[PDB]
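S.K.: The structure is given below, and queries will be raised subsequently.
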Amino acid sequence: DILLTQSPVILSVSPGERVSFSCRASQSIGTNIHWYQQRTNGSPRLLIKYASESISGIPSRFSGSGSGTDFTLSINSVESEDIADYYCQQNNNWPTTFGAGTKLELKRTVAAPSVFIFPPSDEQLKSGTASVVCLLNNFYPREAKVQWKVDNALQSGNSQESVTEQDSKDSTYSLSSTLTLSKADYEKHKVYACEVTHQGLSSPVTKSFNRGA
Amino acid sequence: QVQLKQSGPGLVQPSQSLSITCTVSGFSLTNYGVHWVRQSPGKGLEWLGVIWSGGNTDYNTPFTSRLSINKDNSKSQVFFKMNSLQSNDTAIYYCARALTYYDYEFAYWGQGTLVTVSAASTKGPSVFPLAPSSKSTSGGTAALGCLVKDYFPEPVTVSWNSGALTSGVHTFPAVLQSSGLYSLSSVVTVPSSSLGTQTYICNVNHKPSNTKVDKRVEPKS
């Protein structure tokens with residue numbers, strides 16, 4: 001197999017800038033390279049074939065160049081719809097092989113999360129477990145921290161979180177954190193609080209509720 | 001329009017086999033080969049093999065002894081079958097067609113089939129509401145959602161109001177709980193002024209367990 005090495009692993013770029021993706025082959029492959037875009041939860045989309053040849057329906061701002069072992073995909077004037085993973089493929093040598101992908105991140109102004117806390121539903125409580133959900137919505141940059149406090153005691157070992165991929169429409173991230181307790185333990189305490197830190201916040205934001213109020 | 005459409009995701013046990021069907025339209029299987037490619041976090045995209053116009057097959061070296069591709073030209077269907085599966089075969093499997101009958105320039109792709117290889121058993125999710133509150137409504141916008149808890153394997157699909165509500169929806173990546181079951185949440189932000197009259201239903205589909213659940217998400221007095 002020909003190894004294709006894509007760099008860098010992530011490319012963070014400002015709207016309207018020209019961006020270039022690197023694909024390097026372990027041996028010369030002539031111009032036998034193809035490029036794909038893959039948006040979140042979508043299928044690959046052919047952008048460029050044979051290093052530089054255009055594809056029907058792909059914007060002119062996409063172009064490719066290079067030969068031998070050194071290849072580049074370029075986007076002129078990057079925009080939000082370009083947020084995606086980008087892959088190269090060679091087929092000079094059987095079997096055809098693919099690079100491991102470069103992720104495109106689009107920079108935007110700092111946006112603090114909007115924070116929301118959700119008590120467990122009465123229906124779930126019927127079943128013996130209590131999930132408390134904290135939502136951090138539409139923030140940038142991606143780094144954010146959630147601290148759970150129950151009756152003002154910092155919790156550890158009972159929460160899990162998930163972060164979305166960058167939103168192609170507004171360039172933000174969102175994050176969900178779930179605190180899981182037994183119903184019995186949930187009912188032994190009063191104040192449930194999600195405390196959030198983020199670059200866009202000069203002090204932590206806390207969203208809380210009193211059980212049963 | 002060229003289209004390729006794949007069968008649904010599912011769970012297979014280690015040492016057993018997977019079968020995927022790719023139904024094509026807009027071209028004849030007698031004139032184009034159909035390729036199979038898989039994608040996993042950690043092995044990237046991997047080409048598996050191809051069935052050509054005339055029925056010849058090529059299988060990539062790792063798979064020559066456990067892969068079989070055949071087809072039904074008359075019904076425009078290609079059948080991918082792989083044997084002796086192990087954990088590292090968990091992946092999204094795609095069918096694809098090239099621009100040219102003989103080439104590998106993959107212009108057309110199926111939507112992918114998530115196959116999970118594990119000894120565990122299938123379990124459908126429980127769906128609970130994430131109700132919008134009053135003390136939580138921020139400048140004419142409210143957040144609400146659904147918690148989709150304790151299912152296996154991936155994936156679940158979530159829509160809102162049967163696809164009529166898409167703006168402001170965030171369906172989060174699933175987390176694997178220590179129990180071995182997945183959980184995820186789906187949220188949407190909507191006008192606070194709408195909460196009284198507009199209904200919000202999350203539609204959760206878990207094909208491996210043939211589970212379909214609709215959950216109405218309501219304010220509380």
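Chain labels A, B, ... are given in the sequence in which chains occur in the structure tokens; within each chain residues are numbered consecutively from 1, and ligands are likewise numbered from 1 in the order shown.
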Using only C-alpha atoms, determine which residues of chain B fall within 9 Å of chain A; present them as a VMD selection string.

M.R.: chain B and resid 42 to 49 60 to 61 94 104 to 112 126 to 133 136 to 138 142 to 144 147 170 to 177 184 to 185 187

S.K.: Skip residue 150 of chain A itself and residues of its chain fewer than 2 positions away, then list as a PyMOL selection string all residues within 6 Å of it, counting only C-alpha atoms.

M.R.: chain A and resi 152-153+191-192

S.K.: Looking at only C-alpha atoms, which of B:16, B:23, B:134, B:203 is the one that sits closest to residue 165 of chain B?

M.R.: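 The shortest atom-to-atom distance to residue 165 of chain B comes from B:203.
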
S.K.: So, with only C-alpha atoms as the atoms that count, which of A:60, A:72, A:171, A:22 lies closest to residue 84 of chain A?

M.R.: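 Using only C-alpha atoms, residue 84 of chain A sits closest to A:171.
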
S.K.: Please report, as a ChimeraX atom specification, each residue of segment 30-192 of chain A to which DSSP assigns strand (DSSP E or B) when run on this structure's backbone.

M.R.: /A:33-38,45-49,53-54,62-67,70-75,84-90,97-98,102-106,111,114-118,129-140,144-150,153-154,159-163,173-182,191-192

S.K.: Could you list, as a list in words, every residue within 8 Å of residue 200 of chain B, counting only C-alpha atoms and ignoring same-chain residues fewer than 5 positions away?

M.R.: residues 160, 161, 216, 217 and 218 of chain B

S.K.: Using only C-alpha atoms, can you tell me which of A:31, A:166, A:69, A:129 comes closest to residue 53 of chain A?

M.R.: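 Under the stated criterion, the closest residue is A:31.
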
S.K.: For residue 178 of chain B, which residue out of A:157, A:212, A:204, A:16 is the nearest one, using only C-alpha atoms?

M.R.: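 So, comparing all the options, the nearest one is A:157.
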
S.K.: Could you state the separation of atom CA of residue 192 of chain B and atom CA of residue 139 of chain A in Å, given to one decimal place?

M.R.: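 Spanning atom CA of residue 192 of chain B to atom CA of residue 139 of chain A is a straight-line distance of 20.5 Å.
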
S.K.: Leaving out residue 19 of chain A and any residue of its chain fewer than 6 positions from it, which residues lie within 10 Å of it when counting only C-alpha atoms, given as a PyMOL selection string?

M.R.: chain A and resi 11-13+62+72-78+104

S.K.: Just want the 9 Å neighbourhood of residue 146 of chain A, counted on only C-alpha atoms, with same-chain residues fewer than 4 positions away dropped. Output as a ChimeraX atom specification.

M.R.: /A:134,136,161,177,194-197

S.K.: Output N, CA and C atoms for every residue in that selection, as a tab-separated table (two decimals), in the first residue's frame.

M.R.:
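Saved as selection_9.tsv:
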chain	number	residue	atom	x	y	z
A	134	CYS	N	-27.20	19.63	31.49
A	134	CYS	CA	-26.75	21.00	31.32
A	134	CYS	C	-26.35	21.22	29.87
A	136	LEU	N	-24.75	23.87	27.07
A	136	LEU	CA	-23.95	25.05	26.73
A	136	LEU	C	-24.12	25.27	25.25
A	161	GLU	N	-19.99	14.09	29.13
A	161	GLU	CA	-20.34	15.18	28.22
A	161	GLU	C	-20.07	14.82	26.77
A	177	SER	N	-23.84	18.12	28.92
A	177	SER	CA	-23.31	17.38	30.07
A	177	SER	C	-24.44	16.76	30.89
A	194	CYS	N	-25.14	23.70	37.56
A	194	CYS	CA	-24.20	23.58	36.46
A	194	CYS	C	-23.43	24.89	36.43
A	195	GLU	N	-22.11	24.82	36.65
A	195	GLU	CA	-21.24	25.99	36.63
A	195	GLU	C	-20.28	25.91	35.45
A	196	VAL	N	-20.25	26.96	34.64
A	196	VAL	CA	-19.65	26.96	33.32
A	196	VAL	C	-18.53	27.99	33.26
A	197	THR	N	-17.38	27.58	32.74
A	197	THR	CA	-16.32	28.53	32.46
A	197	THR	C	-15.99	28.44	30.99

S.K.: So that I can see what lies close to residue 170 of chain A, please list as an NGL selection string the residues with an atom at most 12 Å from it, counting only C-alpha atoms and leaving out residues fewer than 4 positions away in the same chain.

M.R.: (:A and (15 or 79-81 or 83 or 105-111 or 137-140 or 165-166 or 174)) or (:B and (167-168))

S.K.: So that I have them on file, write out the residues from the current selection with N, CA, C and O atoms, as a CSV table (one decimal), in the first residue's frame.

M.R.:
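So the final result, stored in out_10.csv, reads:
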chain,number,residue,atom,x,y,z
A,15,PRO,N,-12.6,33.3,7.9
A,15,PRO,CA,-13.5,33.5,6.7
A,15,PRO,C,-12.9,34.4,5.6
A,15,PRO,O,-12.3,35.4,6.0
A,79,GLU,N,-15.5,29.7,3.2
A,79,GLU,CA,-16.7,30.1,3.8
A,79,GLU,C,-17.3,29.0,4.7
A,79,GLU,O,-16.8,27.9,4.6
A,80,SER,N,-18.3,29.3,5.4
A,80,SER,CA,-18.8,28.5,6.4
A,80,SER,C,-19.3,27.1,5.9
A,80,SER,O,-19.1,26.1,6.6
A,81,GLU,N,-19.8,27.1,4.7
A,81,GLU,CA,-20.2,25.8,4.1
A,81,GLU,C,-19.0,24.8,3.8
A,81,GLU,O,-19.3,23.7,3.6
A,83,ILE,N,-16.8,24.1,6.1
A,83,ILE,CA,-16.5,23.4,7.3
A,83,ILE,C,-16.8,21.9,7.1
A,83,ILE,O,-17.9,21.5,6.9
A,105,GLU,N,-11.5,24.0,10.4
A,105,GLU,CA,-12.2,24.8,11.4
A,105,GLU,C,-12.2,26.3,10.9
A,105,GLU,O,-11.2,26.8,10.4
A,106,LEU,N,-13.4,26.9,11.0
A,106,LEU,CA,-13.4,28.3,10.6
A,106,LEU,C,-13.4,29.2,11.9
A,106,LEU,O,-14.2,29.0,12.8
A,107,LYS,N,-12.6,30.2,11.9
A,107,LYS,CA,-12.5,31.1,13.1
A,107,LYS,C,-13.6,32.1,13.1
A,107,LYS,O,-14.2,32.4,12.0
A,108,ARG,N,-14.0,32.5,14.3
A,108,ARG,CA,-15.1,33.5,14.4
A,108,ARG,C,-14.8,34.2,15.7
A,108,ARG,O,-13.9,33.9,16.5
A,109,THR,N,-15.5,35.3,16.0
A,109,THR,CA,-15.4,36.0,17.2
A,109,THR,C,-15.8,35.2,18.4
A,109,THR,O,-16.6,34.2,18.3
A,110,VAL,N,-15.2,35.5,19.6
A,110,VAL,CA,-15.5,34.7,20.8
A,110,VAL,C,-17.0,34.9,21.1
A,110,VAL,O,-17.6,36.0,21.1
A,111,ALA,N,-17.7,33.8,21.5
A,111,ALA,CA,-19.1,33.8,21.9
A,111,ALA,C,-19.2,32.9,23.1
A,111,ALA,O,-18.9,31.7,23.0
A,137,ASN,N,-24.8,26.3,24.9
A,137,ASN,CA,-25.2,26.5,23.5
A,137,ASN,C,-24.5,27.6,22.7
A,137,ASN,O,-24.4,28.7,23.2
A,138,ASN,N,-24.0,27.2,21.5
A,138,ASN,CA,-23.5,28.2,20.5
A,138,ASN,C,-22.3,29.0,21.1
A,138,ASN,O,-22.4,30.3,21.0
A,139,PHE,N,-21.2,28.4,21.4
A,139,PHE,CA,-20.1,29.1,21.9
A,139,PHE,C,-18.9,28.9,21.0
A,139,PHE,O,-18.8,28.0,20.2
A,140,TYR,N,-17.9,29.8,21.2
A,140,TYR,CA,-16.7,29.7,20.5
A,140,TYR,C,-15.6,30.5,21.3
A,140,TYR,O,-15.9,31.6,21.7
A,165,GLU,N,-19.8,18.9,16.6
A,165,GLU,CA,-18.9,19.4,15.6
A,165,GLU,C,-19.3,20.8,15.3
A,165,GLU,O,-20.4,21.3,15.5
A,166,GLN,N,-18.3,21.6,14.7
A,166,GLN,CA,-18.5,23.0,14.4
A,166,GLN,C,-19.7,23.2,13.5
A,166,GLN,O,-19.9,22.5,12.5
A,174,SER,N,-21.6,23.4,20.5
A,174,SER,CA,-22.5,23.2,21.6
A,174,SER,C,-22.1,22.0,22.4
A,174,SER,O,-21.4,21.1,21.9
B,167,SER,N,-34.1,24.2,12.2
B,167,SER,CA,-33.3,25.3,12.7
B,167,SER,C,-33.1,25.3,14.2
B,167,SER,O,-34.0,25.0,14.9
B,168,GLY,N,-31.8,25.5,14.6
B,168,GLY,CA,-31.5,25.5,16.0
B,168,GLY,C,-31.4,24.1,16.7
B,168,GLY,O,-31.3,24.1,17.9

S.K.: Please measure the separation of atom CA of residue 103 of chain A and atom CA of residue 27 of chain A, giving the value in Å to one decimal.

M.R.: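 Those two atoms sit 24.1 Å apart.
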
S.K.: Please run DSSP on the backbone and report, as a ChimeraX atom specification, all residues within chain A that come out as helix (DSSP H, G or I).

M.R.: /A:80-82,122-125,183-187
